[PDB]
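Structural features, examined
For reference, the chains in residue letters:
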Amino acid sequence: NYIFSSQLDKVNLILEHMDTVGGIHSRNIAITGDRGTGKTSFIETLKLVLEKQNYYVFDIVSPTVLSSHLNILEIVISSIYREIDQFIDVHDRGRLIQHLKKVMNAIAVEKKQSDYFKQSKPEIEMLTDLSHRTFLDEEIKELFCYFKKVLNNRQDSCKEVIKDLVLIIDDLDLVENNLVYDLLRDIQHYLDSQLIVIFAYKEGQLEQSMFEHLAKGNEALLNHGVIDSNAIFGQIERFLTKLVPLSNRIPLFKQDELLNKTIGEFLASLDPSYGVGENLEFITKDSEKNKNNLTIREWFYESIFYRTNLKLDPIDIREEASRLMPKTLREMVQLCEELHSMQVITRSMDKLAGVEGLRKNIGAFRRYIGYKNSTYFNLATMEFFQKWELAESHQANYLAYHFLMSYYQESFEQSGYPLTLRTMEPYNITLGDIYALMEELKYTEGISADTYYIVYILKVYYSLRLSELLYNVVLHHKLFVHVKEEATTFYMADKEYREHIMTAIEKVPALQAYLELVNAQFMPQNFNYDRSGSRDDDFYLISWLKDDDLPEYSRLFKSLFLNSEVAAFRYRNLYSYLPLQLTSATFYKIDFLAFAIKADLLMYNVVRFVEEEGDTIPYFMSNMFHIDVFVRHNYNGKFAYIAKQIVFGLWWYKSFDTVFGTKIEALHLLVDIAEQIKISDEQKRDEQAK
Amino acid sequence: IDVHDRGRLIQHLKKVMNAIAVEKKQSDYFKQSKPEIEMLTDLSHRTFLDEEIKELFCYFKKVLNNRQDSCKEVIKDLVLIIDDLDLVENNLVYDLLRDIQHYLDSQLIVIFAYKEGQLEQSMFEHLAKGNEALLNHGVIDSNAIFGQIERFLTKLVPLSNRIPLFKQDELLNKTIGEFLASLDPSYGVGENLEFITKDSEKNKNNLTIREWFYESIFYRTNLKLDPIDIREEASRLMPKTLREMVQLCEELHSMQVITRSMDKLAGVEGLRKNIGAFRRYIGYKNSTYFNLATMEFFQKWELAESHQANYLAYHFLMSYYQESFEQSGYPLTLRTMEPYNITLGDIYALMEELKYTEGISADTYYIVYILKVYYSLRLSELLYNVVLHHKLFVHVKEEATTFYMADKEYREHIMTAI
Amino acid sequence: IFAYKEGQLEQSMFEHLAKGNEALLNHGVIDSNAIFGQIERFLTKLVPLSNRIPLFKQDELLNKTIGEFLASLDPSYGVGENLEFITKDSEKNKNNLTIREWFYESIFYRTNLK
């Protein structure tokens, strides 16, 4: 099941069409696309096909051969001489040698080498040498005719007569630019109607190489406005039309049909037995549980998942994620090589040992992203991402905000609250403002294209760092099992509790770094949870008057929705993801999705995830595309329904899949608390969440 | 000193040398009026250089295998390593890359040992002058050239074959103990941040290089230079590479580290010296992003006597403030102000206002940090020089006691002592 | 032992690398920072910063006393109370004025100008 079969059949059809005409006609072929990589490269395979059809194929002209600085005629005659010297005809060999000498004279004459250009007193007979160059067409024709005759005379048992000589110039995709121009002319002048020349270039390299020469050939025409680029491009157009008829040019395998096919077909192209199993690991025998018909496009994401526990397929397709997957077959093979096992995380065993390898796969994928993300980056974005990496754990948000604002400004000249945080502390940015600014930039009456992919890559980098920090925290789960227990005691029914939480935080630097990344809010602090009109009148503000009058379970309504302790004045944290001690008669703003990122609740969830082995997994804020899903959620007596959505409704949504569990809880302790309510007074989970 | 295979190796070496000469337009083919037929063989040696090189390396491996005694084992492959490519005359490495593409791509195991994106930039330097008229007429952009380079390097070195190691991130994240063990298992840092050898058992080797840097600048300069505001980009000083880390340890190993023993009196004299040494180290580190205004400013600030320095610092910081105003405040109203009317509180106030200005960022923050560090160094140096000459004014202390324990002679005496 | 001044090495390296990086700098692929970092690490490896020794700029030159400099030329040289150069002992000399204000005090006594 050769994968370029159609192209090979078309080549053979072209060769068929031209074989009928034998009157010294111009016939050339131009192969374009990704004809390369491991062992099914179209060029060698085509050469072999031509060999068994009685076409004599010159040894492939590689960039190594072209780097010799010899013209294609010199290469061809050297190959002819070597071929005839390989064996030891007489009658035709001597004529072949005479024509070779004549061609070498013509080459020397063109090089202004002969005595004609170096003698004061020209003689008559050297004028013959000049003729050898002015009649080079006939000499070359006779040379190739006699070469074919000599080759036919070395065939044993009278196999068959050779049809024609074929010259292939491989790996022309990148040969010193102007050099290929020198090649083209050489083919136009000496080997146009002499052989079957196969070019094997890419896209519009020929046109650009011709333009590079003609433009310096047309300075004074272009600057005086006599001609424009259109005239030069038309010249090149008709030249290439005559050199290679557009019915003789064959494209193959760009990115479109590369991404559209199935992973199974590509793996078969490498070997019939290779496949991908249900854990997106590369399999060999049969499995019968394999998933080989997913197409490379979404196989890419489904297989990044199961290795990084990150669903990186964006809800918004404006983000140009397809700029990562493969771009060519070589990149596809190399991606498979980098990404084949990396200790793929499966759905077996006790769902505990897959965390250590997961952060490693995160690092490897970050390296792969950096390799991919090194082309369109110019200077500001390499700089920004580099500084963002080594931004400790808390200056990164400030840098990201100001970088995104730099993008915002680049379209403002041609007020908004998310745009009013430049004279803002690094500890007053959080992650919700980053996402809010990226959305506002996604909806700005300005620049596009590159900006969208910059936003996507920033989201990917943030997700990678968040997952890495979360997994580092999970590795050090023992150090704070106790606080989980305490948290249970603390809001199952003060100040030592906060003290303990801070002590436990200090002993795990990774937990610090994670909580500092998501300072206190991964959702925009503007978000409308009620899609009925505007945002609110006084909906998101509370008072919290005094402890002696707070109702039961009030500690829950301080760490679930109430991530700040301020009146709602310069050097102020304003967020304090730690347990909060609120004063009397003060307005406080509510954020419905703060539970997952509070220190005590996060560590409760971490210990629950590591210790308990059932079927649920606590929700962890490790992916910003989770925020993409969150902003898309409906959320709609009013407060109760929104709270239930936070607790139960939220748990598009395939980005919450996780490699460790089937479903996702929000905070298991809310279940136990619900139990106590039953004492004081899917259906069961719904009723408790209510 | 084989015979059977050496002669073939020599023949292939001669063929390769011919091919090289032919590529150099050296042979008689390019210098003779009247070409002969057999020199066309020499051209072939260059048009078939791949096969000649393959045979050469095959026979070289055979000859090397024939010199093994006691039949140890057969050689697997030939490996070529090109070290210290991080900085080789730019375009020269391009000439190397092509040479590897043309002659040694599928012949050996080539190890490149370069840094970051040096290869891409070196290729671009050549392709850009190769694509003048394409770029200026708008036919192509940098993206096309970068894609060309991208796929070329993808084929030359598969991205599964490239290995990075030890940038600054994991360099700063590890512990000082691990690095010192990387130098020698017995080296460590004691509780006074001095380098120890035996065991101590009071050592602090798990502090990480990041804050070990500051904790060890302290105990030598008596200066806590870790900034409360992390916007200030102090991490631009600590190390940047392992070589810089080793050299920092070399410069900063004892410098008569000030301990918590004895009578806390003799550590002042060495403290100002360590201040000077650290100022030198800062100047060495702080010589890259500085362009012309800041070298100038800091130089003048040094030799600003002892009182024009504040004026210079204020006007330099105001220069930074202005560079973002076009795109009233009281701290900004001191340019037509005497040098003796600036003080140090206005310098700090202006640096804070610049830290909170709706304008430029990045470099400005680190400039503020370095100015603060320089001021702290000068203040500590002057304070310690004063402390050295403490006897000369013991009497005034006593007088001060008498003076506000309960006039005009008192002021007179204070001025004389000053 | 190199015996150069200030940042001559960095500037000399930049003069070469900049013409080595025309098309990188004009197309915005790199800035002066990259070239300066290259030079920085090259010079860091060539001469460790623990191996470089500075001496006697203008700061400590102006801070010392005229007597110390004159002793650096010859132990007996000094400056008298009229700011004239003396040799024997005077015992009325003023050698501890520092070069900074000795400069002005000695322009005075010759031009009658403070």
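Residues numbered from 1 in each chain as written, not as in the entry; some residues may be left out. Chains lettered and ligands numbered in written order. Part of a larger assembly, values for the part shown. Heavy atoms only, no water.

Counting its secondary structure elements, chain C contains six helices and two strands. Ordered by position in the sequence, the α and β elements of chain C form the string α-α-α-α-α-β-β-α. Expected size for 114 residues packed as a compact globule is a radius of gyration near 13 Å; at 24 Å, chain C overshoots this value by more than 25%. Dimensions of chain C, computed from the C-alpha atoms along their principal axes, are close to 70 × 35 × 15 Å. When the 114 residues of chain C are sorted by exposure, 33% land in the buried category. Taking all contacts inside chain C whose residues are at least 6 apart in sequence as the whole, residues at least 24 apart take part in 39%. Roughly 7700 Å² of accessible area belongs to chain C as shown, and the carbon and sulfur atoms make up 55% of that amount. (Helix = DSSP H or I, 4+ residues; strand = E, 2+ residues; numbered from the N terminus. Rg over C-alpha atoms; globule rule 2.2 N^0.38 Å. Buried < 20%, exposed > 50% of the residue type's maximum accessible area, 1.4 Å probe, protein only. Contact = heavy atoms within 4.5 Å. Areas by Shrake-Rupley, 256 points an atom, 1.4 Å probe, with all protein chains shown as cover.)

This part takes up the pairing of strand β3 (residues 165-168) of chain A. Residues and elements named next belong to chain A. Covered by surrounding structure in β3 are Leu 165 and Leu 167 together with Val 166 and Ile 168, the residues of both alternating faces. Here strand β2 (residues 56-57) pairs with β3 via two bridges, running parallel. For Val 57, the partnering residue across the bridge sits in β3 and is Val 166. Strand direction decides the pairing type here: β3 and strand β4 (residues 196-198), joined by three bridges, are parallel. Paired with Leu 167 across the strands is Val 197, a residue of β4. The β-α-β motif built from β3, the intervening helix α8 (residues 178-189) and the parallel element β4 has right-handed crossover chirality. (Pairing = 2+ DSSP bridges. Right-handed = clockwise from strand over helix to strand, strands pointing away.)

What follows covers the packing of helix α4 (residues 91-102) of chain B against helix α5 (residues 118-130) of chain B. Residue and element names in this part refer to chain B. For the pair α4 and α5, the least separation of the axes is 9 Å and the interaxial angle reads 95°. For the element pair α4 / α5, the angle class is roughly perpendicular. Where α4 abuts α5, its residues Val 93, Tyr 94, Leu 97 and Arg 98 lie against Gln 118, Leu 119, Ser 122, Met 123, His 126 and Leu 127. (Axes fitted to C-alpha atoms, helices over the stretch in contact; angles between N-to-C directions. Parallel < 35°, antiparallel > 145°, perpendicular 65-115°, else oblique.)

All names here are of chain A. Strand β1 (residues 28-33) sits mainly inside the fold: five of its six residues count as buried. Two strands pair when backbone bridges link them, and β1 and β4 are joined in this way by two bridges, in the parallel orientation. Each bridged residue has a counterpart across the sheet, and for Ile 29 the counterpart in β4 is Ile 198. Where β1 meets strand β5 (residues 249-252), four bridges bridge the pair, whose relative direction is parallel. Within β5, the position partnered with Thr 32 by the bridge is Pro 251.

Turning our eyes to something else, we now look at the interface of chain A and chain B. Taken residue by residue, the interface counts 69 residues in chain A and 69 residues in chain B. Interface area, chain A with chain B, both sides summed: about 6000 Å², of which 56% is carbon and sulfur. Together, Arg82(A), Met104(A) and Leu174(A) form the three largest contributors to the area buried by chain A at its contact with chain B, with a combined 11%. Counting the contacts that link chain A with chain B gives eight salt bridges. A salt bridge links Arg82(A) to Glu52(B); the nearest nitrogen and oxygen atoms lie 3.7 Å apart. Across the contact surface, chain A and chain B share 23 residue pairs in polar contact. Examining the composition of the side of chain A that touches chain B, we find that eight residues originate from one element, helix α4 (residues 72-86) of chain A, more than from any other. A class-by-class count of the residues in the side of chain A that touches chain B yields 24 nonpolar, 19 polar and 26 charged. (Buried area = accessible area lost by both parts, 1.4 Å probe. Salt bridge = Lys/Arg side-chain N within 4 Å of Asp/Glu carboxyl O. Polar contact = N/O pair within 3.5 Å; in protein donor to acceptor, adjacent residues only side chain to side chain. Nonpolar A, V, L, I, M, F, W, Y, C, P; charged D, E, K, R; others polar.)

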